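Colleague: Here it is: the structure, laid out below.
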Amino acid sequence: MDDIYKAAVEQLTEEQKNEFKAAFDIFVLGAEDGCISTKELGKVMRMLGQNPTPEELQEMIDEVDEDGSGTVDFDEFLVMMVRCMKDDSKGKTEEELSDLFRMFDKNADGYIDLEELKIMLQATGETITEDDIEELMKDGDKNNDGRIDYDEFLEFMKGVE
Ligand SMILES: [Ca+2]
Ligand SMILES: [Ca+2]
Ligand SMILES: [Ca+2]
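Note that the UniProt record's numbering gives residue 44 to position 44 of the sequence shown, counting from 1, and the numbers run on in steps of one.
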């Protein structure tokens, strides 16, 4: 990978720059020149949704910083917001298909039934009839409990339609 930390920095968009300039201008509150030591960076972590300690950020600055002064800069800072993917609990593949569950379920009954499936068919431009709905729960259902569920739609989305 041609520079994984400097790539995002050197490749900054003008839209995210106007947002970092303000967020970065607050992290330097109390400092002298306009940077962040460790306690000032604690506010940067709280933004995502975490309250780490100022002692754990110090060891993280020497790995991102490229000078050796013991402080973060407008450049070494953006690097910290690049190594963390945009997903703390989510992931991919099996996590990307779970999104269909929302549009598939309507009242959180498990997944879809004879009345809920009518919405998943209307979203598709394909022509749907009454025989296509009764067939959806036929092979689409493995337990035949009356509706479907994430465990069933998992294989149903393996290229069936
Ligand atoms: Ca530095
Ligand atoms: Ca439902
Ligand atoms: Ca079932």
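No residue lacks a Cβ here, since even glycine has one placed at the ideal position from N, Cα and C.
#1: Just the Cα atoms here: how many angstroms apart are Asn-144 and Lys-106?
#2: Counting only runs of 4+ residues fully inside the UniProt domain "EF-hand 3" (92-127), write out the alpha helix (DSSP H) ranges in chain order.
#3: Whole angstroms are fine: how far does the CA of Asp-33 sit from the CA of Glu-59?
#4: For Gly-68, is the beta carbon positioned less than 8 Å from some heavy atom of ligand 1?
#5: Measuring CB atoms only, is the region 35-43 touching the region 52-69, in the sense that at least three cross pairs come out at less than 8 Å?
#6: Examine the Cβ distances between the region 115-130 and the region 67-81 and report whether three or more of them are shorter than 8 Å.
#7: Counting only the same chain and skipping the five closest in sequence on each side, list residues whose C-beta sits under 8 Å from that of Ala-7.
#8: Can you tell me whether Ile-36 is buried or exposed? The criterion is at least 16 other CB atoms within 10 Å of its CB, across all chains shown.
#9: List the residues that DSSP assigns as beta-bridge partners of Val-72.
#10: Taking 7 Å as the limit between beta carbons, can you name the residues of its chain near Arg-147, skipping five residues before and five after?
#11: Give the DSSP-derived three-state secondary structure of residue 178 in the structure shown.
#12: Distance check for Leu-100 and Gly-91, CA to CA, integer angstroms please.
Modeller: The relevant details are as follows:
#1: So the two alpha carbons sit approximately 19 Å from each other.
#2: Within the UniProt domain "EF-hand 3" (92-127), the complete alpha helix (DSSP H) runs of at least 4 residues are 94-97, 99-104, 117-123.
#3: Roughly 22 Å between the two C-alpha positions.
#4: Yes; taking the cut-off as 8 Å, the Cβ of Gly-68 has a heavy atom of ligand 1 nearer than that.
#5: Counting Cβ pairs under 8 Å, three or more are found: they touch.
#6: Not touching, per the Cβ criterion.
#7: Hits under 8 Å: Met-1, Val-82.
#8: Buried.
#9: Beta-bridge pairing by DSSP links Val-72 to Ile-36.
#10: These residues qualify, in order along the chain: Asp-109, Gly-110, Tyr-111, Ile-112, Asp-113.
#11: The question about residue 178 has no answer here: the residues shown for the chain are numbered 1 through 161.
#12: Near 15 Å, if we compare the C-alpha coordinates of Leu-100 and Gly-91.
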